[PDB]
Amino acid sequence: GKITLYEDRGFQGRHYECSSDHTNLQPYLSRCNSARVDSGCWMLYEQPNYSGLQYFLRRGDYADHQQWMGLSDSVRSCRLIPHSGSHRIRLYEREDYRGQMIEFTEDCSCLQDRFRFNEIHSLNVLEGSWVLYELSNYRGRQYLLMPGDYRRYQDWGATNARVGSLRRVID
């Protein structure tokens, strides 16, 4: 993957080019208001060490930070999401993989259709990376998911367990 991040809008100011994960962009970029994603699917973070608010970007040009649905021009770490050729996730009613479980292999704009709860308290990502969204139709806070066990909502860096929609990461 390849992404060039810029300090000012419309692809201006000091820029920095990534081809892999970066834990701290503050040495290279003091802010970020535009981005050209040449290839790969990326996940930008408000704070260093993949913390704070998360934003998902795919191939194409972002002239302003609102284009990746950014709440600010703060981007202080970024992750090249690993390609995956299939996706499979299991969501659970309660933590420790208890209660109602539902399995997904496709995207869902309204999670409350099939998984008839307003919160996910644990989940298992069996294949691929996903983006959880706080609200329906891919809005609100985003949480990047990768293969592995998540026994509670804090494991995916969320303040609460609220989830309305989920997408597969495809590149």
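Each residue number is its position in the shown sequence, starting from 1.
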property	result
Candidate set 45, 133, 117, 42 [ranked by C-alpha B-factor, highest]	117
B-factor third for the C-alpha atom of residue 143 within its chain	middle
CA B-factor placement of residue 20, once the chain's modelled residues are sorted into thirds	middle
Within-chain third of residue 26 by Cα B-factor, per the entry	highest
Modelled-residue ranking by C-alpha temperature factor, third containing residue 76	lowest
Residue 170 by Cα B-factor - lowest, middle or highest third of the modelled chain	highest
